[PDB]
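Down below is the structure, laid out as structure tokens.
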Amino acid sequence: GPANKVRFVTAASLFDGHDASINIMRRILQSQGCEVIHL
Amino acid sequence: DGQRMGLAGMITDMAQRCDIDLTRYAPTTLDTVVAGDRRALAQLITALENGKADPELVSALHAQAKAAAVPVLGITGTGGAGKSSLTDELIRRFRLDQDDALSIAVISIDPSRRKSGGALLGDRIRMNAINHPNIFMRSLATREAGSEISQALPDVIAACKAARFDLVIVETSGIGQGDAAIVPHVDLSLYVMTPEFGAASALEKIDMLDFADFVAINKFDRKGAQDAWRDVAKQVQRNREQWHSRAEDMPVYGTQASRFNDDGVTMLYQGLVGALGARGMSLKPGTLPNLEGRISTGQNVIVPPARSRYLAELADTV
Amino acid sequence: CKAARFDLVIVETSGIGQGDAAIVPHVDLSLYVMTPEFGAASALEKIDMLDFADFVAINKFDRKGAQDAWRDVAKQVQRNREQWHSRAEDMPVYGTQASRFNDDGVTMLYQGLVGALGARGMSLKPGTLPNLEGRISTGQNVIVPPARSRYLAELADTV
Amino acid sequence: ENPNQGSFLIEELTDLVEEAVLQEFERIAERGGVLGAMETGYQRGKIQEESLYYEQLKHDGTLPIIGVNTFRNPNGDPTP
Ligand SMILES: Nc1nc2c(ncn2[C@@H]2O[C@H](COP(=O)(O)OP(=O)(O)O)[C@@H](O)[C@H]2O)c(=O)[nH]1
Ligand SMILES: [Mg+2]
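Right, dumping it as structure tokens:
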């Protein structure tokens, strides 16, 4: 594909104790072969 | 709608839509860079990463780096050792002692996925103490099949050095045993280790110890802390061939990163301050309690392991 | 070595790092060993060797977190496998104990490897050992139940 | 069969040795069981170190051992 790589960042807004949504988003993005910094 | 069209398809459309590179948007000079911008700094970093810059620019970068004269400290070790936490603690101690009067740069390198093509640059998460304009951090991926360093790592190192910062810390990905990709390019070497590392004889074939400047063992909670430290110190002495010293004085100290205000952390910071002074970088006189010692005494620990399994005792009582 | 007309070829590599999986195309079957002390659960999702290992074994329940590591590793193997519709406890990951002789998990791994070799069509005789089942050894034939590791502390308190 | 009559010293030594032994017991327990000790070679190395220290001190001569470090009779040492 294109020499460029997809760089993403994922997180949750202030004061929402749930986190699994971040994980579900990020693992799928990773499956799509995109580099993401999850903070 | 997410259930109807599917999250998978939504992500595919999101991925394909955002597909365009920003290569044309790079600058052509270093004047605004040495000025102090950050967005242009990231622009230069990216352009060097993809190698879209003229060799003249890189030559000027190297020329300025030859006048940089700045500390380049690398920290590496086994995967899952926890080097990132140690780096965070070191940065925190730096800020605490020097009253936020330094210009700290941090570079991390993470492995790529050799199959899917993507990666998970998951190291900035552990660090938390970078909420300041005077400390800058950056992450890069592997992107290459074989090594564990960038195809342009020296270039980005020189670029970061040119920015008139105080000290640059760099960490690679988790290393094997036969790898020394951080040795020749950097100035100072910190290697992390764990108590669960195998037999004592196995300690004699970790090639990283050969060039290691300072070795620290993390997470002293587990068994064999003292025994592991003894064996590590003895092996370091043997490899150094400095038979004139006794064992306890070798420059190897191990700390427990996770628990707050570890004494060994302060000891290692004191040692590294001495090391930088021996290499001569400008810094203010020390201000923290500069203790002596070699291994943390587990200070302020909640439970002396002497009472770890109390619940079994209570059950037996019942 | 293959030209020597032997039954089986086994090759052990050097201690690996994280980005190293060079053995993938040169051999047929992949066994990857691991320790309970490996780092955080989120960390393990970056060990590329799991993308090709036909079998993964955590060895020795010396330290703690053995069952925790087993659960996490099995779940991540499922996650990378894309075999969603199957429960984890059946995944091809087994945890054993080297030092202990006659370990149960070793036997389980041997039975699985026999099955795998039969899949590739390797001539051999029918089985002879008691074909036991399970996924993790119970630590049978152990000298002391870990429950009483620190008996000397009890004696000192007694005195 | 009981020479303790008149003895502070026997009791003092007994209690001190008992405390030292129990402290070493606690250290052994913290080492994680005798089997773990055997696996890690803790006591083997400890004995090695203590033997080296003892031999070093004996060769130093700062410990009085009769008839080895002194009283070297001028007749040489034939020892058939
Ligand atoms: N027991 C213990 N665990 C630690 C300590 N420091 C870090 N850890 C563990 O290490 C994990 C972070 O590892 P990390 O630095 O992200 O992995 P790395 O980036 O590959 O070095 C945390 O989840 C902690 O559980 C410590 O001092 N003691
Ligand atoms: Mg990491």
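Chains as they are written, first to last, in full-length UniProt numbering: chain A, 22 to 60; chain B, 140 to 457; chain C, 299 to 457; chain D, 935 to 1014. Idealized CB from N, CA, C, for every residue including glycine.
Assignment of beta strand (DSSP E) within the region 222-288 of chain B, counting only whole runs of 3 or more residues, yields 243-249, 274-280 in chain order. Chain D places a beta carbon closer than 8 angstroms to that of residue 363 (chain B), counting this residue as a contact. When C:433, C:393, C:427, C:440 are compared, the shortest CA-CA separation from residue 399 (chain C) is found for C:440.
The closest heavy atom of ligand 2 lies 7 angstroms or more from the beta carbon of residue 340 (chain C). Bridge pairing for residue 329 (chain B): B:214, B:353 [DSSP]. One alpha carbon belongs to residue 33 (chain A), the other to residue 454 (chain B), and they sit about 42 angstroms apart. Proximity of chain D to residue 366 (chain B) at the Cβ level (cut-off 9 angstroms) is accounted for by 965, 974, 975, 976, 979, in chain order. Per the C-alpha coordinates, the member of B:144, B:417, B:456, B:191 positioned closest to residue 291 (chain B) is B:191. In chain order, the residues that have a beta carbon nearer than 7 angstroms to some heavy atom of ligand 1 are B:218, B:219, B:220, B:221, B:222, B:223, B:224, B:262, B:265, B:313, B:357, B:358, B:360, B:395, B:396, B:397, B:398, C:337, C:338, C:341.
Under the Cβ distance rule, residue 370 (chain C) does not count among the residues neighbouring chain B, no pair being separated by less than 8 angstroms. Here the C-alpha atom of residue 365 (chain B) lies approximately 10 angstroms from the C-alpha atom of residue 976 (chain D). Short note on residue 249 (chain B): C-beta closer than 7 angstroms to some heavy atom of ligand 2. When secondary structure is reduced to three states using DSSP, residue 446 (chain B) falls in the helix class.
Residue pairing from DSSP leaves residue 457 (chain C) without any beta-bridge partner. Per DSSP, residue 306 (chain B) is one residue of the beta strand (DSSP E) stretching across 306-310.
Listed in chain order, the non-local C-beta contacts of residue 409 (chain C) below 7 angstroms within the same chain comprise 429, local neighbours out to five positions each way being set aside. With contacts defined by Cβ atoms closer than 8 angstroms, residue 246 (chain B) and residue 49 (chain A) do not form a contacting pair. Between residue 234 (chain B) and residue 268 (chain B) the beta-carbon gap is near 7 angstroms, inside 8 angstroms, which marks them as a contact.
Under the DSSP assignment, residue 178 (chain B) falls in the alpha helix (DSSP H) whose first and last residues are 178-189. Looking at the DSSP output, residue 28 (chain A) sits in a beta bridge with A:56. In this model, residue 443 (chain C) and residue 449 (chain C) are separated by some 11 angstroms (Cα to Cα). With respect to the C-alpha of residue 339 (chain B), the residue from B:363, B:415, B:405 having the closest C-alpha is B:363. Taking C-alpha positions only, residue 174 (chain B) is separated from residue 239 (chain B) by approximately 20 angstroms. Inter-segment contact for the region 248-256 of chain B and the region 336-356 of chain C is present: three or more beta-carbon pairs are separated by less than 8 angstroms. From the listed residues B:361, B:178, B:154, B:182, the smallest Cα separation to residue 165 (chain B) is found for B:182.
In chain order, 450, 453, 454, 457 make up the part of chain C whose C-beta sits under 9 angstroms from the C-beta of residue 956 (chain D). DSSP, read as helix, strand or coil, puts residue 391 (chain C) in strand. Within chain D, the residues whose beta carbon sits less than 9 angstroms from that of residue 447 (chain C) are 963, 966, 967, 970, listed in sequence order. Residue range 146-156 is occupied by the alpha helix (DSSP H) that includes residue 147 (chain B). The secondary-structure analysis by DSSP pairs residue 314 (chain B) across a beta bridge with B:217. Residue range 292-301 is occupied by the alpha helix (DSSP H) that includes residue 293 (chain B). Taking C-beta atoms as the reference points, residue 311 (chain B) and residue 456 (chain B) fail to come closer than 8 angstroms. Residue 201 (chain B): member of the alpha helix (DSSP H) spanning 194-205, first to last residue. Below 8 angstroms, too few C-beta pairs join the region 948-968 of chain D and the region 1001-1008 of chain D to call them touching: fewer than three. A residue is called buried when at least 16 other Cβ atoms come within 10 angstroms of its Cβ; residue 301 (chain B) meets this threshold and is buried. Judged by pairs of C-beta atoms under 8 angstroms, the region 367-385 of chain C does not touch the region 404-421 of chain C, as fewer than three such pairs exist.
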